[PDB]
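Asker: Before we start, here is the structure in question, set down as structure tokens.
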Amino acid sequence: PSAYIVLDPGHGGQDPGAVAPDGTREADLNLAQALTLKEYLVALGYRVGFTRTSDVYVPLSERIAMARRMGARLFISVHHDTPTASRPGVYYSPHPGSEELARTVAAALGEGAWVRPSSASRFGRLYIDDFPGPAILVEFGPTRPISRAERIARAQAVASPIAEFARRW
Ligand code: NA
Ligand SMILES: [Zn+2]
């Protein structure tokens with residue numbers, strides 16, 4: 001397993017992440033969104049790997065270790081927010097280049113997009129902070145049913161800025 005960019009679908013298996021009132025699991029939206037994004041990054045000429053490709057829980061430290069073993073330079077975690085979230089955004093690690101990558105991705109996520117350091121999260125840290133490279137956690141808006149066409153639109157939006165970051169950094 002070798003890859004320049006690693007996609008990390010948040011949660012999985014026994015960890016559903018956020019659950020919509022209709023039962024949509026963040027974990028399933030995450031995997032679906034990451035699978036679609038991989039197709040866009042491969043089309044732009046990048047070797048893409050995953051921390052998970054199925055509905056199984058991968059320990060947070062193993063997500064980071066797998067990325068390092070694959071020789072990843074960029075770590076992109078894929079999440080959806082609580083079902084009442086209004087605005088997409090990006091958390092960035094304190095590692096050099098993370099904030100730059102987050103801002104270029106946030107610029108593609110439309111009106112009201114935010115960026116925050118991992119230190120602004122509930123416990124003041126995120127697992128992405130262990131990755132020795134640019135590392136972000138994208139919250140693609142609220143946990144709710146998401147169509148194929150919306151997944152493709154989001155993938156196309158963020159693929160270009162990720163690929164342009166990877167080319168320049
Ligand atoms: Na862990
Ligand atoms: Zn999440």
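Every chain in the structure tokens has a letter given in the order shown (A, B, ...), and although residue numbers restart at 1 in each chain, ligands are simply numbered from 1 in the order shown.
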Would you kindly return, as a PyMOL selection string, each protein, DNA or RNA residue with an atom no farther than 10 Å from any atom of residue A:121, considering only C-alpha atoms and excluding same-chain residues fewer than 5 positions away?

Answerer: chain A and resi 91+116+126

Asker: Please write the residues from the selection above to a file, keeping N, CA, C and O atoms, as a short mmCIF file (atom, residue, chain, number, x, y, z; two decimals), in the first residue's frame.

Answerer:
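Ended up saving to again-v5.cif:
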data_model
loop_
_atom_site.label_atom_id
_atom_site.label_comp_id
_atom_site.auth_asym_id
_atom_site.auth_seq_id
_atom_site.Cartn_x
_atom_site.Cartn_y
_atom_site.Cartn_z
N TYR A 91 -11.17 21.78 9.89
CA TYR A 91 -10.19 21.85 10.99
C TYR A 91 -8.80 21.57 10.41
O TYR A 91 -8.67 20.70 9.50
N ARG A 116 -10.91 26.20 11.41
CA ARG A 116 -10.50 26.27 12.84
C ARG A 116 -9.30 25.38 13.08
O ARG A 116 -9.20 24.31 12.45
N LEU A 126 -7.22 17.20 17.95
CA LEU A 126 -7.83 16.22 17.05
C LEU A 126 -6.77 15.20 16.64
O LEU A 126 -5.59 15.50 16.59
#

Asker: Please write out the residues within 10 Å of ligand 2 as a list in words, counting only C-alpha atoms and all ligand atoms.

Answerer: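 Counting only what the definition allows, namely only C-alpha atoms and all ligand atoms, the set is residues 9, 10, 11, 12, 15, 16, 17, 18, 25, 26, 27, 29, 30, 77, 78, 79, 80, 81, 82, 137, 138, 139, 140 and 143 of chain A.
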
Asker: Generate the output file for the selected residues, N, CA, C and O atoms, as an mmCIF file, in the first residue's frame.

Answerer:
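Written out: part-v6.cif:
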data_model
loop_
_atom_site.group_PDB
_atom_site.id
_atom_site.type_symbol
_atom_site.label_atom_id
_atom_site.label_comp_id
_atom_site.auth_asym_id
_atom_site.auth_seq_id
_atom_site.Cartn_x
_atom_site.Cartn_y
_atom_site.Cartn_z
ATOM 1 N N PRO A 9 -12.266 8.404 5.965
ATOM 2 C CA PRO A 9 -13.696 8.483 6.309
ATOM 3 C C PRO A 9 -13.886 8.318 7.817
ATOM 4 O O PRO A 9 -13.583 7.271 8.330
ATOM 5 N N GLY A 10 -14.312 9.377 8.485
ATOM 6 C CA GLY A 10 -14.462 9.373 9.945
ATOM 7 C C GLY A 10 -15.378 8.272 10.437
ATOM 8 O O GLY A 10 -16.332 7.887 9.758
ATOM 9 N N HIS A 11 -15.101 7.751 11.624
ATOM 10 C CA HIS A 11 -16.022 6.837 12.307
ATOM 11 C C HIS A 11 -15.989 5.522 11.551
ATOM 12 O O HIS A 11 -14.950 5.250 10.904
ATOM 13 N N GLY A 12 -17.049 4.725 11.682
ATOM 14 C CA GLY A 12 -17.180 3.406 11.040
ATOM 15 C C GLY A 12 -17.546 2.323 12.023
ATOM 16 O O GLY A 12 -17.154 2.449 13.253
ATOM 17 N N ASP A 15 -18.961 2.842 15.584
ATOM 18 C CA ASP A 15 -19.005 4.328 15.721
ATOM 19 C C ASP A 15 -19.765 4.921 14.542
ATOM 20 O O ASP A 15 -19.228 5.019 13.426
ATOM 21 N N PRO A 16 -21.036 5.353 14.730
ATOM 22 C CA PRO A 16 -21.808 5.888 13.614
ATOM 23 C C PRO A 16 -21.488 7.346 13.261
ATOM 24 O O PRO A 16 -21.945 7.822 12.250
ATOM 25 N N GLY A 17 -20.770 8.031 14.146
ATOM 26 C CA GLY A 17 -20.644 9.491 14.122
ATOM 27 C C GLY A 17 -22.012 10.077 14.417
ATOM 28 O O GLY A 17 -22.772 9.418 15.099
ATOM 29 N N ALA A 18 -22.342 11.223 13.851
ATOM 30 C CA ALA A 18 -23.665 11.864 14.022
ATOM 31 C C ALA A 18 -24.710 10.994 13.315
ATOM 32 O O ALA A 18 -24.380 10.352 12.269
ATOM 33 N N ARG A 25 -26.396 7.598 8.932
ATOM 34 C CA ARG A 25 -25.174 7.638 9.775
ATOM 35 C C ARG A 25 -24.081 8.468 9.087
ATOM 36 O O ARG A 25 -23.755 8.214 7.928
ATOM 37 N N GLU A 26 -23.504 9.403 9.813
ATOM 38 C CA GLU A 26 -22.301 10.132 9.368
ATOM 39 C C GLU A 26 -21.261 9.140 8.798
ATOM 40 O O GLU A 26 -20.729 9.415 7.709
ATOM 41 N N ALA A 27 -21.015 8.010 9.471
ATOM 42 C CA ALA A 27 -20.001 7.016 9.049
ATOM 43 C C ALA A 27 -20.245 6.632 7.582
ATOM 44 O O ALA A 27 -19.248 6.515 6.846
ATOM 45 N N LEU A 29 -22.053 8.358 5.195
ATOM 46 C CA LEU A 29 -21.854 9.565 4.339
ATOM 47 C C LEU A 29 -20.357 9.763 4.137
ATOM 48 O O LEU A 29 -19.949 10.142 3.016
ATOM 49 N N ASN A 30 -19.580 9.585 5.218
ATOM 50 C CA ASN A 30 -18.104 9.763 5.172
ATOM 51 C C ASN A 30 -17.490 8.820 4.131
ATOM 52 O O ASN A 30 -16.705 9.308 3.324
ATOM 53 N N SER A 77 -9.112 14.000 6.387
ATOM 54 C CA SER A 77 -10.214 13.344 7.081
ATOM 55 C C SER A 77 -11.564 13.893 6.556
ATOM 56 O O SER A 77 -11.731 15.140 6.337
ATOM 57 N N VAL A 78 -12.504 12.981 6.342
ATOM 58 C CA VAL A 78 -13.829 13.238 5.731
ATOM 59 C C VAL A 78 -14.900 13.009 6.802
ATOM 60 O O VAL A 78 -15.090 11.876 7.224
ATOM 61 N N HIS A 79 -15.555 14.085 7.212
ATOM 62 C CA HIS A 79 -16.637 14.063 8.231
ATOM 63 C C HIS A 79 -17.837 14.890 7.773
ATOM 64 O O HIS A 79 -17.776 15.570 6.737
ATOM 65 N N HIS A 80 -18.962 14.645 8.442
ATOM 66 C CA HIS A 80 -20.207 15.433 8.315
ATOM 67 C C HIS A 80 -20.575 15.905 9.718
ATOM 68 O O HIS A 80 -20.175 15.258 10.680
ATOM 69 N N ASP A 81 -21.169 17.087 9.824
ATOM 70 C CA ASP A 81 -21.397 17.722 11.146
ATOM 71 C C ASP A 81 -22.704 17.182 11.726
ATOM 72 O O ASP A 81 -23.398 16.380 11.053
ATOM 73 N N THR A 82 -23.063 17.615 12.930
ATOM 74 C CA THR A 82 -24.376 17.307 13.557
ATOM 75 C C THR A 82 -25.497 17.696 12.591
ATOM 76 O O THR A 82 -25.332 18.577 11.734
ATOM 77 N N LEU A 137 -9.356 18.088 8.583
ATOM 78 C CA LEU A 137 -10.621 17.349 8.807
ATOM 79 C C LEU A 137 -11.727 18.214 8.202
ATOM 80 O O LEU A 137 -11.950 19.317 8.685
ATOM 81 N N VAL A 138 -12.289 17.784 7.090
ATOM 82 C CA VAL A 138 -13.343 18.525 6.367
ATOM 83 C C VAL A 138 -14.700 18.111 6.924
ATOM 84 O O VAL A 138 -14.967 16.873 6.997
ATOM 85 N N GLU A 139 -15.469 19.076 7.431
ATOM 86 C CA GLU A 139 -16.888 18.845 7.824
ATOM 87 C C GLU A 139 -17.713 19.321 6.623
ATOM 88 O O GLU A 139 -17.787 20.537 6.394
ATOM 89 N N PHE A 140 -18.195 18.398 5.807
ATOM 90 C CA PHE A 140 -18.987 18.680 4.589
ATOM 91 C C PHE A 140 -20.451 19.004 4.950
ATOM 92 O O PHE A 140 -21.362 18.481 4.328
ATOM 93 N N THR A 143 -25.001 16.096 8.810
ATOM 94 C CA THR A 143 -25.396 14.687 8.617
ATOM 95 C C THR A 143 -26.892 14.670 8.258
ATOM 96 O O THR A 143 -27.732 15.058 9.119
#

Asker: So, with only C-alpha atoms as the atoms that count, which of A:120, A:20, A:135, A:158 lies closest to residue A:108?

Answerer: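 Counting only C-alpha atoms, the residue closest to residue A:108 is A:158.
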
Asker: Grab me every residue within 9 Å of ligand 1, counting only C-alpha atoms and all ligand atoms, and send it over as a ChimeraX atom specification.

Answerer: /A:58-64,127

Asker: Among stretch 95-163 of chain A, which ones does DSSP place in alpha helix (DSSP H), written as a list in words?

Answerer: residues 98, 99, 100, 101, 102, 103, 104, 105, 106, 148, 149, 150, 151, 152, 153, 154, 155, 156, 157, 158, 159, 160, 161, 162 and 163 of chain A

Asker: If we count only C-alpha atoms, what is near stretch 36-41 of chain A at a cut-off of 9 Å, once residues fewer than 3 positions away on the same chain are taken out, given as an NGL selection string?

Answerer: :A and (5 or 7 or 31-33 or 44-50 or 148 or 151-152 or 154-156 or 158-160 or 162-163)

Asker: Write the residues of the preceding selection, restricted to N, CA, C and O atoms, as a PDB file, in the first residue's frame.

Answerer:
ATOM      1  N   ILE A   5      -1.741  10.865  -1.186  1.00  0.00           N
ATOM      2  CA  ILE A   5      -2.893  11.482  -0.452  1.00  0.00           C
ATOM      3  C   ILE A   5      -3.649  10.342   0.223  1.00  0.00           C
ATOM      4  O   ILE A   5      -4.056   9.387  -0.494  1.00  0.00           O
ATOM      5  N   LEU A   7      -7.169   9.540   2.291  1.00  0.00           N
ATOM      6  CA  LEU A   7      -8.526   9.927   2.689  1.00  0.00           C
ATOM      7  C   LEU A   7      -8.920   9.073   3.886  1.00  0.00           C
ATOM      8  O   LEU A   7      -8.787   7.849   3.843  1.00  0.00           O
ATOM      9  N   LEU A  31     -17.796   7.525   4.192  1.00  0.00           N
ATOM     10  CA  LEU A  31     -17.175   6.527   3.295  1.00  0.00           C
ATOM     11  C   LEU A  31     -17.562   6.856   1.856  1.00  0.00           C
ATOM     12  O   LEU A  31     -16.673   6.843   0.999  1.00  0.00           O
ATOM     13  N   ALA A  32     -18.853   7.074   1.613  1.00  0.00           N
ATOM     14  CA  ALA A  32     -19.388   7.441   0.271  1.00  0.00           C
ATOM     15  C   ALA A  32     -18.695   8.690  -0.256  1.00  0.00           C
ATOM     16  O   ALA A  32     -18.205   8.663  -1.422  1.00  0.00           O
ATOM     17  N   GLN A  33     -18.543   9.727   0.581  1.00  0.00           N
ATOM     18  CA  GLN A  33     -17.944  10.991   0.112  1.00  0.00           C
ATOM     19  C   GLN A  33     -16.476  10.724  -0.233  1.00  0.00           C
ATOM     20  O   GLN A  33     -15.978  11.274  -1.258  1.00  0.00           O
ATOM     21  N   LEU A  44      -7.161  13.380 -11.531  1.00  0.00           N
ATOM     22  CA  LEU A  44      -6.195  14.499 -11.541  1.00  0.00           C
ATOM     23  C   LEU A  44      -4.757  13.976 -11.408  1.00  0.00           C
ATOM     24  O   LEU A  44      -3.844  14.810 -11.383  1.00  0.00           O
ATOM     25  N   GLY A  45      -4.548  12.655 -11.336  1.00  0.00           N
ATOM     26  CA  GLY A  45      -3.218  12.026 -11.496  1.00  0.00           C
ATOM     27  C   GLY A  45      -2.515  11.698 -10.191  1.00  0.00           C
ATOM     28  O   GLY A  45      -1.287  11.519 -10.245  1.00  0.00           O
ATOM     29  N   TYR A  46      -3.253  11.603  -9.064  1.00  0.00           N
ATOM     30  CA  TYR A  46      -2.701  11.309  -7.713  1.00  0.00           C
ATOM     31  C   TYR A  46      -2.999   9.862  -7.306  1.00  0.00           C
ATOM     32  O   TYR A  46      -4.060   9.355  -7.633  1.00  0.00           O
ATOM     33  N   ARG A  47      -2.028   9.244  -6.632  1.00  0.00           N
ATOM     34  CA  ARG A  47      -2.115   7.959  -5.900  1.00  0.00           C
ATOM     35  C   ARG A  47      -2.814   8.258  -4.559  1.00  0.00           C
ATOM     36  O   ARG A  47      -2.304   9.109  -3.788  1.00  0.00           O
ATOM     37  N   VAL A  48      -3.977   7.663  -4.363  1.00  0.00           N
ATOM     38  CA  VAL A  48      -4.877   7.941  -3.207  1.00  0.00           C
ATOM     39  C   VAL A  48      -5.054   6.638  -2.450  1.00  0.00           C
ATOM     40  O   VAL A  48      -5.255   5.602  -3.068  1.00  0.00           O
ATOM     41  N   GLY A  49      -4.940   6.697  -1.138  1.00  0.00           N
ATOM     42  CA  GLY A  49      -5.159   5.528  -0.287  1.00  0.00           C
ATOM     43  C   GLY A  49      -6.229   5.887   0.708  1.00  0.00           C
ATOM     44  O   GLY A  49      -6.594   7.071   0.764  1.00  0.00           O
ATOM     45  N   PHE A  50      -6.738   4.890   1.421  1.00  0.00           N
ATOM     46  CA  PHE A  50      -7.795   5.076   2.431  1.00  0.00           C
ATOM     47  C   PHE A  50      -7.372   4.477   3.762  1.00  0.00           C
ATOM     48  O   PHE A  50      -6.698   3.456   3.782  1.00  0.00           O
ATOM     49  N   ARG A 148     -26.084  11.054  -4.672  1.00  0.00           N
ATOM     50  CA  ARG A 148     -24.906  10.869  -5.539  1.00  0.00           C
ATOM     51  C   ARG A 148     -24.499  12.206  -6.159  1.00  0.00           C
ATOM     52  O   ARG A 148     -23.273  12.486  -6.188  1.00  0.00           O
ATOM     53  N   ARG A 151     -22.742  14.469  -3.755  1.00  0.00           N
ATOM     54  CA  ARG A 151     -21.422  13.852  -3.420  1.00  0.00           C
ATOM     55  C   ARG A 151     -20.430  14.177  -4.526  1.00  0.00           C
ATOM     56  O   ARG A 151     -19.315  14.518  -4.220  1.00  0.00           O
ATOM     57  N   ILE A 152     -20.850  14.035  -5.774  1.00  0.00           N
ATOM     58  CA  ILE A 152     -20.011  14.348  -6.957  1.00  0.00           C
ATOM     59  C   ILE A 152     -19.707  15.845  -6.958  1.00  0.00           C
ATOM     60  O   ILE A 152     -18.568  16.185  -7.177  1.00  0.00           O
ATOM     61  N   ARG A 154     -19.566  17.925  -4.422  1.00  0.00           N
ATOM     62  CA  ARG A 154     -18.607  18.211  -3.323  1.00  0.00           C
ATOM     63  C   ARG A 154     -17.227  17.689  -3.702  1.00  0.00           C
ATOM     64  O   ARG A 154     -16.257  18.407  -3.480  1.00  0.00           O
ATOM     65  N   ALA A 155     -17.137  16.484  -4.264  1.00  0.00           N
ATOM     66  CA  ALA A 155     -15.844  15.878  -4.644  1.00  0.00           C
ATOM     67  C   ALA A 155     -15.152  16.786  -5.654  1.00  0.00           C
ATOM     68  O   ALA A 155     -13.968  17.055  -5.476  1.00  0.00           O
ATOM     69  N   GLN A 156     -15.875  17.215  -6.684  1.00  0.00           N
ATOM     70  CA  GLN A 156     -15.346  18.061  -7.785  1.00  0.00           C
ATOM     71  C   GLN A 156     -14.888  19.393  -7.166  1.00  0.00           C
ATOM     72  O   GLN A 156     -13.806  19.879  -7.497  1.00  0.00           O
ATOM     73  N   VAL A 158     -13.726  20.129  -4.056  1.00  0.00           N
ATOM     74  CA  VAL A 158     -12.525  20.065  -3.183  1.00  0.00           C
ATOM     75  C   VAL A 158     -11.366  19.358  -3.905  1.00  0.00           C
ATOM     76  O   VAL A 158     -10.208  19.542  -3.458  1.00  0.00           O
ATOM     77  N   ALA A 159     -11.605  18.599  -4.973  1.00  0.00           N
ATOM     78  CA  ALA A 159     -10.517  17.811  -5.603  1.00  0.00           C
ATOM     79  C   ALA A 159      -9.472  18.779  -6.152  1.00  0.00           C
ATOM     80  O   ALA A 159      -8.261  18.563  -5.961  1.00  0.00           O
ATOM     81  N   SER A 160      -9.921  19.818  -6.842  1.00  0.00           N
ATOM     82  CA  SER A 160      -9.009  20.762  -7.537  1.00  0.00           C
ATOM     83  C   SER A 160      -8.052  21.472  -6.567  1.00  0.00           C
ATOM     84  O   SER A 160      -6.831  21.435  -6.755  1.00  0.00           O
ATOM     85  N   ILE A 162      -7.189  20.542  -3.491  1.00  0.00           N
ATOM     86  CA  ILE A 162      -6.289  19.518  -2.889  1.00  0.00           C
ATOM     87  C   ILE A 162      -5.159  19.241  -3.890  1.00  0.00           C
ATOM     88  O   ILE A 162      -4.007  19.181  -3.482  1.00  0.00           O
ATOM     89  N   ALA A 163      -5.502  18.971  -5.147  1.00  0.00           N
ATOM     90  CA  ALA A 163      -4.516  18.600  -6.191  1.00  0.00           C
ATOM     91  C   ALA A 163      -3.548  19.768  -6.396  1.00  0.00           C
ATOM     92  O   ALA A 163      -2.341  19.525  -6.421  1.00  0.00           O
TER      93      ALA A 163
END

Asker: A:52, A:95, A:167, A:103: which is nearest residue A:132, counting only C-alpha atoms?

Answerer: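 Looking only at the distances to residue A:132, the closest residue turns out to be A:95.
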
Asker: Among chain A, which residues carry a DSSP assignment of strand (DSSP E or B), reported as a ChimeraX atom specification?

Answerer: /A:5-9,12,15,19,25,48-50,74-81,89-92,114-117,135-142

Asker: Given only C-alpha atoms as the basis, pick out the residue of A:111, A:13, A:169, A:118 nearest to residue A:55.

Answerer: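 Using only C-alpha atoms, residue A:55 sits closest to A:13.
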
Asker: Within 9 Å of residue A:69, counting only C-alpha atoms, which residues qualify if same-chain residues fewer than 3 places away don't, as an mmCIF file with C-alpha atoms, in the first residue's frame?

Answerer:
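So the final result, stored in result05.cif, reads:
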data_model
loop_
_atom_site.group_PDB
_atom_site.id
_atom_site.type_symbol
_atom_site.label_atom_id
_atom_site.label_comp_id
_atom_site.auth_asym_id
_atom_site.auth_seq_id
_atom_site.Cartn_x
_atom_site.Cartn_y
_atom_site.Cartn_z
ATOM 1 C CA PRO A 1 0.000 0.000 0.000
ATOM 2 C CA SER A 2 1.556 3.343 -1.195
ATOM 3 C CA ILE A 64 -2.413 7.898 11.269
ATOM 4 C CA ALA A 65 0.024 4.907 11.311
ATOM 5 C CA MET A 66 -1.514 3.488 8.041
ATOM 6 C CA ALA A 72 1.256 9.796 2.450
#

Asker: In Å, with one decimal, what is the gap from atom CA of residue A:131 to atom CA of residue A:98?

Answerer: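 Distance reported for this atom pair: 10.2 Å.
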
Asker: For the atom pair atom CA of residue A:157 and atom CA of residue A:102, what is the interatomic distance in Å to one decimal place?

Answerer: 13.3 Å

Asker: Name the closest residue to residue A:35 among the candidates A:74, A:166, A:6, A:113; distances are taken between atoms, counting only C-alpha atoms.

Answerer: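 The closest residue to residue A:35 is A:6.
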
Asker: Select, from A:112, A:100, A:141, A:83, the residue with the minimum atom-to-atom distance to residue A:24, counting only C-alpha atoms.

Answerer: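 When distances to residue A:24 are compared using only C-alpha atoms, the smallest one comes from A:83.
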
Asker: Nearest residue to residue A:104 out of A:128, A:43, A:19, A:90, using only C-alpha atoms?

Answerer: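 Of A:128, A:43, A:19, A:90, the one nearest residue A:104 is A:90, counting only C-alpha atoms.
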
Asker: Just give me the gap between atom CA of residue A:136 and atom CA of residue A:75 in Å, one decimal is fine.

Answerer: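 For atom CA of residue A:136 relative to atom CA of residue A:75, the distance reads 6.5 Å.
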